[PDB]
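Enquirer: Supplied in structure tokens, the structure appears directly below.
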Amino acid sequence: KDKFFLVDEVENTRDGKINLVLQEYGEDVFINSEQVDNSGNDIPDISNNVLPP
Amino acid sequence: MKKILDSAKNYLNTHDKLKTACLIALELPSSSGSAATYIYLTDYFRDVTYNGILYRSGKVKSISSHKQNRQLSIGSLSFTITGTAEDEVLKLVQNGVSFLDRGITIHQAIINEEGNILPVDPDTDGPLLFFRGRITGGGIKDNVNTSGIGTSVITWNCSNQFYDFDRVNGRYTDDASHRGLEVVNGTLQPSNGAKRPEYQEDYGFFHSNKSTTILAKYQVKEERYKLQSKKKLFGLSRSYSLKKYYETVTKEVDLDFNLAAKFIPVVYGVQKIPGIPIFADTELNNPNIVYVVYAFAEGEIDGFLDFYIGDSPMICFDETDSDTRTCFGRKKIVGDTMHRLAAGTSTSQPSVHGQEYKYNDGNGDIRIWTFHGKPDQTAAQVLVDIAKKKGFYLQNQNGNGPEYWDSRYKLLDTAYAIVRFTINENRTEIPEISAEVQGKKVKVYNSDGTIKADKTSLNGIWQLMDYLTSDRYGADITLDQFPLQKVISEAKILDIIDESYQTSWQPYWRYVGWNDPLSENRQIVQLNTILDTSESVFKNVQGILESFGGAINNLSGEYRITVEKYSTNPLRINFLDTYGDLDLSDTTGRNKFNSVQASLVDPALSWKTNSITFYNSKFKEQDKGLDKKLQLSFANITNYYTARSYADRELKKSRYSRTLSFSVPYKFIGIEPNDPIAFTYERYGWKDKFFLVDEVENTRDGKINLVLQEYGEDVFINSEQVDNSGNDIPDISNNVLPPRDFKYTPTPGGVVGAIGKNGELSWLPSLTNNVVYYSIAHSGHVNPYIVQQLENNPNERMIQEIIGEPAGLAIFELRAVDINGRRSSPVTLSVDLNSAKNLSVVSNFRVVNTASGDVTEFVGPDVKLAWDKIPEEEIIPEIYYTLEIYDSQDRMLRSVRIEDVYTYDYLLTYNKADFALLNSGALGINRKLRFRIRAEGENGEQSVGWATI
Amino acid sequence: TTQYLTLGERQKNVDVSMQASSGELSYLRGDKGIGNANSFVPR
């Protein structure tokens, strides 16, 4: 859902077809921004097990 | 070649319709290393159950082919997964980068007519392994046609078992690495990870990896006061000026010590290596006395031959050198070692562990303590005694007390030497120290079953075996992944006595590995190796193999180390047995060679390279005089004659060469590379023509693609000899008697590196001789636990410890092996196991919404359940609680796992919809409830006694 | 007067995983002090 990519290669054809080669990067690896603070604790979760026979 | 069960051959020959199946056992990632899971797959039309593992089906589309040749390279394999399955598309797209370096195992399984799996591999009576290794990258491709039918294909790219070799595994002088302290996240504390549990208490590499460049001030004793040593010529006159006798005077000494951090090498045979200083210092009062400790080699090596102070060794080479630099003894024909200095040595015994040597060359005094590496050696007594007196300057400057160099500084498994230099006006600085050392002790497995690891070995096969079986510095491969008999036979093959030269022709016999001047020291191959652990294990193994032209290959999970040799029992292949295609090609013109440049180090000239060239004159005349040099590796060879014989043999072997390529059906499964083939094709005039397999490719269709190599008549190392019956066929050995006293004793309080430890299981060695290791199978585990026996086992029973498993039942199966592969009947021990770390019960457990009128009554529609955070939580990184809900009439309703939260919120909607219907199928409400909670850690940590209200 | 004892050579390897420090500048320029590249005290 709106995954962030960066255009690496763009080719323009006379027919109009615009070939692309996108690139995918890890989270907050760009020069712009970084996560101010990594999580200092485990994020809580609720899970249900398998009921034994 | 990998033999298969006799029934396997009979079935393959008799049955024409083979119902094969590939049983992929893929590893699955997890956040914490204490959690592991596997996803099983197969391309068979129905799920296949093997060893109680249900290999699901319907997702594996196709598998590529496994190709492997005589050159060590990281083979690759790719299998596709249907891109229409949602699980796999999600996994690849959103986690395909977290799958990198995750194991995978594929088994080529033949399905019987009764749907069972036909036992093929005689090691386990199971499928013949097809591939093993780790994933490297993935990929998906959705091509959707706007009119027809689109395809979605998921591709996984793997690498065969040699991808585990790219790791560099070399002990580092850094203190943190050696002691295995947790990676510095802003703080530094010890951690479980370490090459040995005992290292964590060893501080030998403390004071190393640092630097101390200061303008220190020493209060040097003497030359301030007290009577002088001058007497004026005049009888009465005296020098009333006081000096030269004990009284402290200030003295600025600009010391500069830089103890770098370099990988410790592993040396086999006899070689010269430099020092890697790990602790430098000087006396508290006298700066002229400097203590420096160098780490030379690894493991339990033999003694040091000699120490090279600067460039001049203590013992001279010849008489000329002896008069040139006032040496001690000689090392040309007498072959004297260091031990000459301590006392007159009838034999050339190397240095003694924990022995001091005093050496004076006319420039100063040098005291040397030769500490050999050992599994359990105490600290340097001299350094400890000095530290107790605070004799080291840097110790006092830093403020350290007796703990500066304490008894816990035992440099474990490192061969280090302490050198004391008496700095004077003749030796004004610290000369870089180098020494000549004997190699690490290496086990030699005799074909009888008995082993001996009391000396270093120049044999290439045994050196490679030692490198591939040591976790501390080499590729950690368990001994159950080798055919012992084949390795022993190959080692014998490389020990063939050569007759080119006599023993008396080579003067420097001691410093070419020959422990004796009279014994038969002429082996066709002698390797003196310096295994620089900085380089990748892949590179080291390739360098070792290139010395004697051997080759390592792993097909079907057995690690084969084989060399091009003549065989009297080749596999007979006939052209009819082959598929139609054939291809004979000639490559002699391109591969003709008549010269070789040998850059070998000669001890006689000090260990410096000699640019020596070997050329066959007759070949040059045949080649019209043109020069054709083949790049050969002489780095590991120091004995000149062995190098020359190697060069001549390789030049001869390169004069006749053809490639024959064809494809043979699945009947011939397990044809390894570098294997003897007797190919017969009468139309060509061939009758059992001798070939050696070069490249073998296994396909899922069963077709084996072969590429053979043709050689001259007698160009092999093993040519012009006849193999004996003992080496050709294994002798008849009785089945191994089962081990005794296979019992398990729980450990109430257990910790190994701060992780939960369960009990221990022990057994008595099998009475049958020649047992090499005892393999134990653990239920729910792919990898059986294997512990090798020892020469002392015949008396004392061995024990293996099991740690981290969860509380519950475990099925342990114990059986042994023989060097011939013979195996004892399995020994079972079904027992229940306690938790790895018995955790404290929950402090309190109550319902927030409870009626004030009476206890145990919730008024609101939703039950609020809360409890205290477990104590000793900080001890365990990740924890979670399991909560179960029971009805009035004792039927469980839900098992909920809660992590990082201690306040559960039971809902009415749950109680009705998810519970009443599921328990009775009709709408209803449960009024009487029941709750029980346990606190569970991950690495087999489980609380005791439940908890309720 | 003045005497100098020398041994080894400074290691220029720097571990960028840990936060930056002035000790690295001191150690990488040949300053007089006690420590390693990743932790150097410059006197």
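If you're wondering about the labels, chains in the structure tokens are A, B, ... by order shown, residues count from 1 in each chain, ligands from 1 in order shown.
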Kindly provide the residues of chain C that approach chain B to within 9 Å, each paired with its closest atom pair and their distance in Å to one decimal, based on only C-alpha atoms, listed by chain and increasing number, as JSON lines.

Expert:
{"residue": "C:1", "atom": "CA", "partner": "B:251", "partner_atom": "CA", "distance": 6.9}
{"residue": "C:2", "atom": "CA", "partner": "B:252", "partner_atom": "CA", "distance": 5.5}
{"residue": "C:3", "atom": "CA", "partner": "B:253", "partner_atom": "CA", "distance": 4.8}
{"residue": "C:4", "atom": "CA", "partner": "B:254", "partner_atom": "CA", "distance": 4.3}
{"residue": "C:5", "atom": "CA", "partner": "B:255", "partner_atom": "CA", "distance": 4.5}
{"residue": "C:6", "atom": "CA", "partner": "B:256", "partner_atom": "CA", "distance": 4.7}
{"residue": "C:7", "atom": "CA", "partner": "B:257", "partner_atom": "CA", "distance": 4.9}
{"residue": "C:8", "atom": "CA", "partner": "B:258", "partner_atom": "CA", "distance": 4.6}
{"residue": "C:9", "atom": "CA", "partner": "B:258", "partner_atom": "CA", "distance": 5.3}
{"residue": "C:10", "atom": "CA", "partner": "B:258", "partner_atom": "CA", "distance": 5.6}
{"residue": "C:11", "atom": "CA", "partner": "B:260", "partner_atom": "CA", "distance": 6.1}
{"residue": "C:18", "atom": "CA", "partner": "B:185", "partner_atom": "CA", "distance": 7.7}
{"residue": "C:19", "atom": "CA", "partner": "B:186", "partner_atom": "CA", "distance": 8.7}
{"residue": "C:31", "atom": "CA", "partner": "B:213", "partner_atom": "CA", "distance": 8.0}
{"residue": "C:32", "atom": "CA", "partner": "B:213", "partner_atom": "CA", "distance": 5.1}
{"residue": "C:33", "atom": "CA", "partner": "B:213", "partner_atom": "CA", "distance": 5.5}
{"residue": "C:34", "atom": "CA", "partner": "B:212", "partner_atom": "CA", "distance": 4.7}
{"residue": "C:35", "atom": "CA", "partner": "B:210", "partner_atom": "CA", "distance": 5.1}
{"residue": "C:36", "atom": "CA", "partner": "B:210", "partner_atom": "CA", "distance": 4.7}
{"residue": "C:37", "atom": "CA", "partner": "B:210", "partner_atom": "CA", "distance": 8.2}
{"residue": "C:39", "atom": "CA", "partner": "B:210", "partner_atom": "CA", "distance": 8.9}
{"residue": "C:40", "atom": "CA", "partner": "B:211", "partner_atom": "CA", "distance": 8.6}
{"residue": "C:43", "atom": "CA", "partner": "B:214", "partner_atom": "CA", "distance": 8.4}

Enquirer: Kindly save the residues from that selection, with C-alpha atoms included, as a short mmCIF file (atom, residue, chain, number, x, y, z; two decimals), in the first residue's frame.

Expert:
data_model
loop_
_atom_site.label_atom_id
_atom_site.label_comp_id
_atom_site.auth_asym_id
_atom_site.auth_seq_id
_atom_site.Cartn_x
_atom_site.Cartn_y
_atom_site.Cartn_z
CA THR C 1 68.45 12.58 29.03
CA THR C 2 65.62 11.13 26.92
CA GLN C 3 65.16 7.51 25.83
CA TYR C 4 62.42 6.06 23.64
CA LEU C 5 61.13 2.49 23.36
CA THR C 6 58.98 1.71 20.33
CA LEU C 7 56.89 -1.26 19.23
CA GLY C 8 54.08 -1.97 16.80
CA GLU C 9 52.03 0.35 14.63
CA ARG C 10 48.72 2.09 15.24
CA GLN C 11 45.67 0.35 13.78
CA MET C 18 29.53 2.78 17.69
CA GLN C 19 28.94 6.50 18.09
CA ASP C 31 48.49 11.89 19.40
CA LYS C 32 49.97 10.67 22.67
CA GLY C 33 47.41 8.78 24.73
CA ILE C 34 46.12 5.50 26.09
CA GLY C 35 43.53 3.51 24.18
CA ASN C 36 42.41 2.01 20.89
CA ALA C 37 40.82 3.63 17.84
CA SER C 39 38.19 4.30 22.61
CA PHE C 40 41.16 6.66 22.98
CA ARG C 43 45.99 12.90 27.82
#

Enquirer: Please report, as a VMD selection string, each residue of region 621-775 of chain B to which DSSP assigns alpha helix (DSSP H) when run on this structure's backbone.

Expert: chain B and resid 621 to 622 640 to 653 725 to 728

Enquirer: Kindly provide, as a CSV table (one decimal) with N, CA and C atoms, in the first residue's frame, the residues of chain A having any atom no farther than 10 Å from an atom of chain B, counting only C-alpha atoms.

Expert:
chain,number,residue,atom,x,y,z
A,41,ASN,N,11.4,-1.1,24.2
A,41,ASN,CA,10.7,-2.3,24.8
A,41,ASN,C,9.9,-3.0,23.7
A,42,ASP,N,9.6,-4.3,24.0
A,42,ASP,CA,8.8,-5.1,23.1
A,42,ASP,C,7.4,-4.5,23.0
A,43,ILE,N,6.9,-4.5,21.8
A,43,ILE,CA,5.5,-4.0,21.6
A,43,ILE,C,4.5,-5.1,22.0
A,44,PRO,N,3.6,-4.8,22.8
A,44,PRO,CA,2.7,-5.9,23.3
A,44,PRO,C,1.8,-6.4,22.2
A,45,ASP,N,1.4,-7.7,22.4
A,45,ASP,CA,0.5,-8.3,21.4
A,45,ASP,C,-0.3,-9.4,22.1
A,46,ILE,N,-1.5,-9.7,21.4
A,46,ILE,CA,-2.4,-10.7,21.9
A,46,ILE,C,-2.5,-11.8,20.9
A,47,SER,N,-2.2,-13.0,21.4
A,47,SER,CA,-2.2,-14.2,20.5
A,47,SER,C,-3.0,-15.3,21.2
A,48,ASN,N,-3.7,-16.1,20.3
A,48,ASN,CA,-4.5,-17.2,20.8
A,48,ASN,C,-3.8,-18.5,20.3
A,49,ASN,N,-3.7,-19.5,21.2
A,49,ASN,CA,-3.0,-20.7,20.9
A,49,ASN,C,-4.0,-21.7,20.2
A,50,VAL,N,-3.5,-23.0,20.1
A,50,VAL,CA,-4.3,-24.0,19.5
A,50,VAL,C,-4.9,-24.8,20.6
A,51,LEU,N,-6.2,-25.0,20.6
A,51,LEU,CA,-6.9,-25.7,21.7
A,51,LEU,C,-6.6,-27.2,21.5
A,52,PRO,N,-6.0,-27.8,22.6
A,52,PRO,CA,-5.6,-29.2,22.5
A,52,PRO,C,-6.8,-30.1,22.3
A,53,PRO,N,-6.7,-31.2,21.6
A,53,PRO,CA,-7.8,-32.2,21.4
A,53,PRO,C,-8.3,-32.7,22.7

Enquirer: As a PyMOL selection string, please: every residue in region 557-586 of chain B that a backbone DSSP assignment puts in strand (DSSP E or B).

Expert: chain B and resi 558-563+571-574+582-586

Enquirer: Residues within 7 Å of region 840-852 of chain B, please, as a ChimeraX atom specification. Count only C-alpha atoms; anything in the same chain fewer than 5 positions from it doesn't count.

Expert: /B:857-860,863-868,870-871,943-944,947-949
